[PDB]
Structure formats: structure tokens, C-alpha cells
Amino acid sequence: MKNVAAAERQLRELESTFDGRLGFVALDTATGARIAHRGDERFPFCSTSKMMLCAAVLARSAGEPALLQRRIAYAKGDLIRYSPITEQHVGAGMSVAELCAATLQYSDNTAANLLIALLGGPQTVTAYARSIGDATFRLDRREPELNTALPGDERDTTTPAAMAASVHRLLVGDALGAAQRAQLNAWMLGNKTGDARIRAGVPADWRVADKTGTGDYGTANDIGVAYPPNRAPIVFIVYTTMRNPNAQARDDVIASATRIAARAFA
């Protein structure tokens, strides 16, 4: 596809402007048109793993629906940095559904750890990924250590290609039941942390469901689905990481990469 080849050249040019790596897939789900850069390389996924985590919780809830209303009475000792919802409600507890919304929409780290514990540990999230056909994703640690993003470390990584297939199946396809898919979409449509990333690179009439991640080594990621009016959804997977341990994570590379693919796909 000629638009795809041109977009790939532009993504190479974009990567050449910084000392790091860009991992990218955009997939038009109707045609299968697929723009990719470093699609089969591993990247540290950081908080984008919270999407897989919450899909696993939703899957469990299909086998007990009241699970989402279960109150978790967590402790001050559970609280770790970057927990803007759980810190506010400690002493009152939160439901499992509220913890999912907090981890997806505010990237709440304590909420993620409480959900990992509910499921039985990080290995259960990896097992869930395997059950939906993702042989690549691996969740090795909990928050906040999963954000170390060390060069060459394969812990807490996936590939852009694997994550594109998983996002496709979860939000657009049938990996989840219809009610669970709708809830995951509704939560990700309401994300608060992504305004400068994928959301900033698409036309004004496209809706976006996304989950960001930010970590050490200037790591800045965003994954999700855009819903253009009168056309099929488009999956966007953007992973970036830097060689300098002192790098500042950026938003603008993700927005630029998104714009490249948006131009290609219309």
C-alpha cells in the first residue's frame, strides 16, 4: 500500500530526531492496512499494561458480575506514588469497578497493585494475555518497579505488533464478551491522562479510547483505538524510549507519529 510505505518513511525520519527508539503500529481494522515501525521489537510497556490488567478483571467478572461491586478496604500502607484516586478514598475503600476506572483514567498505581493482587499476581495478567492469543506480553513486576525501562531488559515488555493485535481483539473484536468490551471501551474513552498524545494527533471528529504510560529512560507510550465517523476503528500503538537515563519523557513524538498515520488513513 503506497500510503503505508510513505508513512513508514516518515516514521523513520521522526525517529532520527531523537536518541531513542520508536515502536509504532496503526491498523485500519476494516482493510487490515498496517503501518509499522520496529513492530517486532520489545519495548517497556509501563502503564499501558493497565489495559491488559483491567481486561483480565473484566473477564473474571463475567464469571461473577457482583465482583465489580466488591469493596476493597485497602490501607494507608498500600499507598504508593502516583495514586491520585486511591489516596483520596483511603479509609472508605473503593469498589473493584472504581479501582479499574482509577487505574485506567488517572493511571493510579496503588489501584493497579490492588487489582494485580485480586487476580493472584502479575503472572495471572500474563496468563490472561496468553488466553487471548498474545504470546509476547509479559508482566513480571508490580508498581512502581515495572517502570524501570532499563536498556535491554525484557521484563515488563511487549512488541508493538503483539499489542496492536491485543487492542484490536479487546476493544473491537471478541476477546471479551459484549458487556465487558463495552465497559473497557467506556473507561478508556474517559481517560484523563492522554490529551497531548494520540488525542492530539487525530482529526477533531474522531473519538479516542486510550491508555498512556510513562516511565524511566524518557519512556512515553500511548495505546488505543480511534473511532472515525462512518468508518471502522483504527488501532494506534505508540511506544517510545530513550538511551539517556536522564531523558525527559515527551508527548510530542507520540502526537507526531499519530498524525503521520492519520494522514495516511485519510
# chains A, B, ... in the order shown; residues from 1 in each chain; ligands from 1
>>> closest_atom_pairs(of="region 103-142 of chain A", to="region 43-48 of chain A", cutoff="9 Å", atoms="only C-alpha atoms", output="Markdown table")
| residue | atom | partner | partner_atom | distance |
| --- | --- | --- | --- | --- |
| A:103 | CA | A:47 | CA | 8.8 |
| A:104 | CA | A:47 | CA | 8.8 |
| A:107 | CA | A:47 | CA | 6.8 |
| A:109 | CA | A:47 | CA | 8.5 |
>>> write_last_selection(atoms="C-alpha atoms", output="compact mmCIF listing (two decimals), in the first residue's frame")
# COMPACT_ATOMS: atom_id res chain seq x y z
CA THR A 103 -6.16 2.88 37.11
CA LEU A 104 -7.34 3.41 33.51
CA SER A 107 -3.13 5.85 35.90
CA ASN A 109 -0.58 2.89 40.69
>>> closest_atom_pairs(of="region 215-245 of chain A", to="region 188-202 of chain A", cutoff="8 Å", atoms="only C-alpha atoms", output="tab-separated table")
residue	atom	partner	partner_atom	distance
A:222	CA	A:198	CA	6.7
A:223	CA	A:198	CA	7.9
A:236	CA	A:198	CA	7.8
>>> write_last_selection(atoms="C-alpha atoms", output="CSV table (one decimal), in the first residue's frame")
chain,number,residue,atom,x,y,z
A,222,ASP,CA,0.0,5.5,24.3
A,223,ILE,CA,-2.2,2.7,23.0
A,236,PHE,CA,-2.9,3.1,17.4
>>> select_by_dssp(residues="region 24-96 of chain A", states="strand (DSSP E or B)", output="PyMOL selection string")
chain A and resi 24-28+34-37+43-44+71-72+94-95
>>> write_last_selection(atoms="C-alpha atoms", output="mmCIF file, in the first residue's frame")
data_model
loop_
_atom_site.group_PDB
_atom_site.id
_atom_site.type_symbol
_atom_site.label_atom_id
_atom_site.label_comp_id
_atom_site.auth_asym_id
_atom_site.auth_seq_id
_atom_site.Cartn_x
_atom_site.Cartn_y
_atom_site.Cartn_z
ATOM 1 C CA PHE A 24 4.586 2.023 16.183
ATOM 2 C CA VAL A 25 1.624 0.202 14.652
ATOM 3 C CA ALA A 26 -1.509 1.785 13.159
ATOM 4 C CA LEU A 27 -4.099 -0.707 11.846
ATOM 5 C CA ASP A 28 -7.259 0.150 9.860
ATOM 6 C CA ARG A 34 -0.980 -1.696 8.636
ATOM 7 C CA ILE A 35 1.667 0.982 9.250
ATOM 8 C CA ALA A 36 4.526 -0.353 11.387
ATOM 9 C CA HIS A 37 7.939 0.703 12.673
ATOM 10 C CA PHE A 43 9.575 -2.112 24.427
ATOM 11 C CA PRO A 44 8.853 -1.414 28.114
ATOM 12 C CA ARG A 71 -15.496 -3.189 48.145
ATOM 13 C CA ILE A 72 -11.761 -3.310 48.724
ATOM 14 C CA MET A 94 -13.263 1.566 46.736
ATOM 15 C CA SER A 95 -15.180 -0.943 44.634
#
>>> select_by_dssp(residues="region 3-45 of chain A", states="helix (DSSP H, G or I)", output="list in words")
residues 3, 4, 5, 6, 7, 8, 9, 10, 11, 12, 13, 14 and 15 of chain A
>>> residues_around(residues="residue 65 (chain A)", least_positions_apart="5", cutoff="12 Å", atoms="only C-alpha atoms", output="list in words")
residues 57, 58, 59, 60, 70, 96, 97, 179 and 180 of chain A
>>> write_last_selection(atoms="C-alpha atoms", output="PDB file, in the first residue's frame")
ATOM      1  CA  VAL A  57     -10.532  -8.318  35.852  1.00  0.00           C
ATOM      2  CA  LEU A  58     -13.486  -7.882  33.463  1.00  0.00           C
ATOM      3  CA  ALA A  59     -13.003 -11.433  32.206  1.00  0.00           C
ATOM      4  CA  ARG A  60     -13.145 -12.738  35.795  1.00  0.00           C
ATOM      5  CA  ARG A  70     -16.969  -5.792  45.744  1.00  0.00           C
ATOM      6  CA  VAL A  96     -13.360  -3.105  42.077  1.00  0.00           C
ATOM      7  CA  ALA A  97     -15.079  -1.111  39.265  1.00  0.00           C
ATOM      8  CA  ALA A 179     -20.774  -6.230  28.098  1.00  0.00           C
ATOM      9  CA  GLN A 180     -17.127  -6.424  29.181  1.00  0.00           C
TER      10      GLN A 180
END
>>> atom_distance(atom1="CA of residue 255 (chain A)", atom2="CA of residue 238 (chain A)")
9.3 Å
>>> atom_distance(atom1="CA of residue 144 (chain A)", atom2="CA of residue 249 (chain A)")
16.4 Å
>>> residues_around(residues="residue 128 (chain A)", least_positions_apart="6", cutoff="12 Å", atoms="only C-alpha atoms", output="ChimeraX atom specification")
/A:49,51-60,116,119-122,134-139,166,170,175-176
>>> closest_residue(among="A:73, A:114, A:237, A:99", to="residue 213 (chain A)", atoms="only C-alpha atoms")
A:237
>>> decode(residues="region 228-244 of chain A", atoms="N, CA, C and O atoms", output="compact mmCIF listing (two decimals), in the first residue's frame")
# COMPACT_ATOMS: atom_id res chain seq x y z
N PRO A 228 -13.38 6.91 13.90
CA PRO A 228 -13.80 7.95 12.99
C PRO A 228 -15.24 7.80 12.61
O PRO A 228 -15.71 6.70 12.45
N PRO A 229 -15.94 8.87 12.31
CA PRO A 229 -17.38 8.70 11.98
C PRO A 229 -17.53 7.95 10.70
O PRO A 229 -16.81 8.11 9.69
N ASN A 230 -18.38 7.00 10.46
CA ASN A 230 -18.67 6.24 9.26
C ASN A 230 -17.52 5.41 8.73
O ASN A 230 -17.50 5.15 7.51
N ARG A 231 -16.58 5.07 9.58
CA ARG A 231 -15.61 4.10 9.16
C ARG A 231 -15.24 3.25 10.35
O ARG A 231 -15.55 3.55 11.50
N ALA A 232 -14.63 2.12 9.99
CA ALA A 232 -14.22 1.16 11.01
C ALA A 232 -13.17 1.74 11.95
O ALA A 232 -12.42 2.67 11.60
N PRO A 233 -13.03 1.20 13.13
CA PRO A 233 -12.00 1.70 14.08
C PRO A 233 -10.57 1.52 13.53
O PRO A 233 -10.28 0.62 12.75
N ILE A 234 -9.69 2.38 14.04
CA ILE A 234 -8.26 2.34 13.72
C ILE A 234 -7.49 2.15 15.02
O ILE A 234 -7.63 2.96 15.95
N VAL A 235 -6.70 1.11 15.11
CA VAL A 235 -5.85 0.83 16.30
C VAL A 235 -4.57 1.66 16.18
O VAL A 235 -3.94 1.69 15.10
N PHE A 236 -4.17 2.30 17.27
CA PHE A 236 -2.90 3.05 17.36
C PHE A 236 -2.08 2.53 18.53
O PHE A 236 -2.57 2.53 19.67
N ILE A 237 -0.86 2.13 18.26
CA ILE A 237 0.10 1.64 19.28
C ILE A 237 1.36 2.46 19.15
O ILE A 237 2.00 2.46 18.08
N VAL A 238 1.73 3.19 20.20
CA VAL A 238 2.92 4.03 20.16
C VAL A 238 3.76 3.81 21.42
O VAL A 238 3.34 4.08 22.56
N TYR A 239 4.97 3.28 21.25
CA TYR A 239 5.94 3.07 22.31
C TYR A 239 7.17 3.90 21.95
O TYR A 239 7.68 3.87 20.84
N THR A 240 7.69 4.67 22.92
CA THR A 240 8.97 5.37 22.73
C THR A 240 9.81 5.25 23.99
O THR A 240 9.31 5.24 25.12
N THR A 241 11.12 5.12 23.78
CA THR A 241 12.05 5.04 24.92
C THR A 241 13.37 5.63 24.48
O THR A 241 13.68 5.67 23.30
N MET A 242 14.15 6.13 25.43
CA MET A 242 15.36 6.91 25.16
C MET A 242 16.59 6.20 25.76
O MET A 242 16.47 5.44 26.70
N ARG A 243 17.77 6.53 25.22
CA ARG A 243 19.01 5.97 25.71
C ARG A 243 19.51 6.67 26.96
O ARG A 243 20.19 6.04 27.79
N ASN A 244 19.24 7.97 27.11
CA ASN A 244 19.73 8.72 28.28
C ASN A 244 18.92 8.40 29.50
O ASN A 244 17.71 8.66 29.49
